[PDB]
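> pasting the first bit of my complex, frame unchanged:
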Amino acid sequence: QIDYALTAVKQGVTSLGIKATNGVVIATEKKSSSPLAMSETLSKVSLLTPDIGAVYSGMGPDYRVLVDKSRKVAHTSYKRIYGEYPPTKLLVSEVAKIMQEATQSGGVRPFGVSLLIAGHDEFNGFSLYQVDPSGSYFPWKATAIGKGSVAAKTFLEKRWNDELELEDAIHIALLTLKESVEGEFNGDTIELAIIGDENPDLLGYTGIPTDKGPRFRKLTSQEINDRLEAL
Amino acid sequence: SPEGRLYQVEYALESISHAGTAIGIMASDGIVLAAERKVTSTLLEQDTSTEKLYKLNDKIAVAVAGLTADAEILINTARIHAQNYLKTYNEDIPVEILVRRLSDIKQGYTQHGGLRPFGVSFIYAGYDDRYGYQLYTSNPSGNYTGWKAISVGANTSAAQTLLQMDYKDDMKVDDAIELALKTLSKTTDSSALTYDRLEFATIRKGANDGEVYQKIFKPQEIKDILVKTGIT
């Protein structure tokens, strides 16, 4: 029964993640259920904290209500006690605990998604985690989930060294996604986020030098196309 | 439960002889813990997890053989019992009492048969000033048992034999560090043992006085004691 949910994960659009020396990167494709639909109204790559993002493979809805339940747990169980935001390791723990309970609870099915959660905490540095429907979670240098899972996972072993700059890992995760792509391949059908330098540009305010802004940045429709030309 | 049998238990008791492989050896002046890591991919991040060796308090620690997500649910509640017995009696919790406290939650499902038993089997290594150094075991049966040396998980029946062979009561701590590695010569499905398939721990008579240091080994420190024979 957990086994059947991992199966809904095995199909459903491919997504991936790559840790580097100075950043993390996660991406998936935006398969348009129609051309009539405006694909900018749905986000497969969601912000959890300004230091932490997430992507999935599988059941759309189960991801949404998991991204919501997940943002909240970041406050209710960490920020409202210690004044900081949670560290990747622990926010991940609190999500696994959330899914692991849909498993061992009666009257409910587990979630139809595997999650890739990427982020940076001051003490543990960068890290990238996978969370399964089983509630188990593992730390990755890089991996992929979904259909293209096997092709891409093999390409990542081939191309990954522990000396990658974040720009190198963006480059990789675009190629990796180019071979699996189901629909068209541009900035309107690729979602890519990074966990890099602090972006003060994006704080919304200026006056306390101790807080410096989001590490999580979601690349614009433009930034993507720009990289795909010099590709 | 047909012949006097605990079915849903044997189910998970033998699901244990699949995952992991863990060992505990009590020396005369220290204790030792050790484990092999699950089927690893090249890209899995070695150093982070500490996935099968968890600290419970500054004086107690457990080795796990079983489902990870399942033991974390237990350990979380055991790290707490520790601290409740502090805030309450202002003394560090005695090992047997912590062990029984878990064993009793395990057996809690072994009977209120409306929820599913526990994966997971524990070796506990701890010190308390009432019963010197201690070594314990915890199958989801609900039972715990005393041990001078022990093992859980795959290839269990096998190591118990080499252990019975090379063990001596006068044993030091470094002598027992070897016995543990040495006898993960056999009980290893992976031909040749690496520092990365490992996780280690010690509770010694302190790096200084008459007291008690605890030490979960960092990867490098393993490749260093592996150096003593294993691989070089």
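Arrived safely, thanks for sending. Numbering: from 1, shown residues only, chains lettered A, B, ... in the order given.
> spell out which parts of chain A neighbour chain B.
A:19, A:89, A:93, A:96, A:100, A:104, A:127-128, A:134-143, A:153, A:156-157, A:160 (Cβ under 8 Å from any Cβ of the partner chain). The way it works is simple: take the backbone N, C-alpha and C, and place the C-beta from them, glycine included.
> if any of the residues you listed are buried, put those into a ChimeraX selection.
To isolate the buried members of the residues of chain A next to chain B in ChimeraX, using 16 or more other Cβ atoms under 10 Å in any protein chain shown:
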select /A:19,89,93,96,100,127,128,134,135,136,137,138,139,140,141,142,143,153,156,160
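> looking at the residues of chain A next to chain B, which are in helices?
A:89, A:93, A:96, A:100, A:153, A:156, A:157 (DSSP state H).
> now the strands for the chain?
All of this is about chain A. A:15-19, A:24-29, A:46-49, A:52-58, A:113-121, A:125-131, A:137-139, A:142-145, A:190-195, A:216-218 (DSSP state E).
> that's the wrong chain, I meant chain B
Under DSSP E, chain B gives strands at B:21-26, B:30-36, B:53-57, B:60-65, B:121-127, B:133-138, B:144-146, B:149-153, B:198-204, B:213-216.
> got the CA positions of the second one in PDB?
Meaning strand B:30-36. Extracted in PDB, the C-alpha atoms of strand B:30-36 (Å, rounded to 0.1, in the frame of the first residue of the first chain):
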ATOM      1  CA  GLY B  30      34.200   0.400  28.000                       C
ATOM      2  CA  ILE B  31      31.400  -0.500  25.500                       C
ATOM      3  CA  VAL B  32      31.300  -0.700  21.700                       C
ATOM      4  CA  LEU B  33      28.700  -0.200  19.000                       C
ATOM      5  CA  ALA B  34      28.800  -0.800  15.300                       C
ATOM      6  CA  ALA B  35      26.600  -1.100  12.100                       C
ATOM      7  CA  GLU B  36      26.700  -1.800   8.300                       C
END
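> one more chain, chain C:
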Amino acid sequence: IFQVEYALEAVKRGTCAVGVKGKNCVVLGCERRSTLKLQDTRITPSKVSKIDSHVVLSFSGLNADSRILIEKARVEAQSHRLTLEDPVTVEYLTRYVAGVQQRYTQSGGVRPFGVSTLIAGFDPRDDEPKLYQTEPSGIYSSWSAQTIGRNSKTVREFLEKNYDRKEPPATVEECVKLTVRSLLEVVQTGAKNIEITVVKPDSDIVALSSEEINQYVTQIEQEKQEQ
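Let me add chain C to what's already shown:
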């Protein structure tokens, strides 16, 4: 609804347990396989369990199942001293234990206990020995002596033809003399196999060690061979 009888089966398979009343003393006895070579000797010799300062209890069954009883009891033992200031009477400690295994069937629908228990000791002040037995059903019975457990039938047969009410083992010493013989029949090595505890009037419970148990076995098998 039949699951009761199945549990009563696990009783059978477990550490063998016995007990024996006397002219003014009581004794238990029970346990299992010496040591699997490498196990810690000195940290679970908890064969018979102390309930109050004057009441003890052994069991045949799932060792992991007993503990939940040997607590719920050790507690009501105090919560009686507390709300009535008066140590529990051996019949009442017994009726409370049995009455719990009973309520582990007929409500909610949950599993019953894999233990039979024997419960001994002297009521407070009164110096008349008491011995009882419980089983997963909810039944309590008083016995001049009894056994439950593995190969328990061999022992109950032995005892019946070795105890008589007309003359109960008066001597403290000799009352144990008998409880030993009766387990030597079913053990699997001897003294190293099963041990004993001993309670005498007024909260005087003194459990026996290894060395007092072999000034017995090796003073039995002396008179034995003499034919």
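> ok, residue B:7 touching residue B:110?
No: using Cβ atoms under 8 Å, residue B:7 makes no contact with residue B:110, being 10.8 Å away.
> okay, these two: which has more neighbours?
Neighbour tally, residue B:7 and residue B:110, criterion other Cβ atoms under 10 Å in any protein chain shown: the higher count belongs to residue B:110, 24 against 9.
> how about the more buried one, what does it touch?
Applying Cβ atoms under 8 Å, 6 or more residues apart in numbering or on different chains, we find residue B:110 in contact with B:6, B:9, B:117, B:140, B:141, B:142, C:64, C:65.
> what about the second one, distance to residue B:121?
Which is residue B:9. The gap separating residue B:9 from residue B:121 is 12 Å, by Cβ to Cβ, to the nearest Å.
> tell me which of those two has more neighbours.
Legend: neighbour count by other Cβ under 10 Å for residue B:9 and residue B:121, higher for residue B:121 (28 against 21).
> count of neighbours near residue C:163?
Neighbour count of residue C:163, defined by other Cβ under 10 Å: 18.
> then the one 4 residues further on?
By the criterion of other Cβ under 10 Å, residue C:167 has 8 neighbours.
> for residue C:187, which non-adjacent residue is spatially closest?
Excluding the flanking residues, the one nearest residue C:187 by Cβ to Cβ, 6 or more residues apart in numbering or on different chains is residue C:193, at 4.1 Å.
> chain D comes next; put it on the structure above:
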Amino acid sequence: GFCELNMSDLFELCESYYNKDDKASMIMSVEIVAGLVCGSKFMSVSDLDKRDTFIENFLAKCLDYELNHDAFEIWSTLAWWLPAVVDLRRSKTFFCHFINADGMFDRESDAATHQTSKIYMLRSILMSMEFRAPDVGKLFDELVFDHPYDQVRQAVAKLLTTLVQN
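Same chains as before, plus chain D:
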């Protein structure tokens, strides 16, 4: 010719592993005995006498009083097996030992005595032969019925059952 260890070396190796305590250690001792009886497909009538002699001496120490449910567990295993992997007449002492029945009292104002410290083992040999050796003029004239204990009343019954099938 090839070893020269003399049989009196396997008699120690055997008496050696008999700790009334260690079970897996006794099982090695009795694994040894069953070999000395499968070692008559091997010459020397002067060794087959050193062995018949060691065996009546050993079964004495072991089975003639002082017997745990751990030994009984082992020896009784031998009785069901040995007579099926070797004709037991390759030994004068071994069989002519279990059938030496100094064991069945008759009334109870004592402790009657002891056990199926035999009955169930003599039986499991007679069960595995079922045909061969069964001259037992004795046993029939020697059975009890009157016995006070059950463990014996029942066993005297389970034996007669087997004595009749033969």
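> buried stuff in whichever strand or helix holds residue D:138?
Assigned by DSSP states H and E, residue D:138 belongs to helix D:137-142. Buried residues in helix D:137-142, defined by neighbour count with 16+ other Cβ under 10 Å: residue D:139.
> which residues sit against that helix?
D:99, D:101, D:104, D:159, D:163.
> how about the CA coordinates for it, as PDB?
Output in PDB follows, covering the C-alpha atoms of helix D:137-142 (Å, rounded to 0.1, in the frame of the first residue of the first chain):
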ATOM      1  CA  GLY D 137      10.500 -62.700  26.600                       C
ATOM      2  CA  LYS D 138      11.600 -60.500  29.500                       C
ATOM      3  CA  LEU D 139       9.700 -57.200  28.900                       C
ATOM      4  CA  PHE D 140       6.200 -58.800  28.700                       C
ATOM      5  CA  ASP D 141       6.700 -60.700  32.000                       C
ATOM      6  CA  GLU D 142       8.200 -57.500  33.400                       C
END
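> so which residue is smack in the middle of chain C?
Nearest to the mean C-alpha position of chain C, by Cα atoms, centre = their mean, lies residue C:58 at 3.4 Å.
> one more: chain D?
residue D:98 (4.8 Å).
> tell me who's in contact with it.
D:79, D:118, D:121, D:122, D:125.
> which residues touch the residue lying closest to residue C:93 once chain neighbours are set aside?
Sequence neighbours aside, residue C:55 is the residue nearest to residue C:93 in space, at 5.6 Å (criterion: Cβ to Cβ, 6+ apart). Contact analysis of residue C:55 by Cβ under 8 Å, 6+ apart lists C:77, C:87, C:88, C:90, C:93, C:119, C:120, C:121, C:199.
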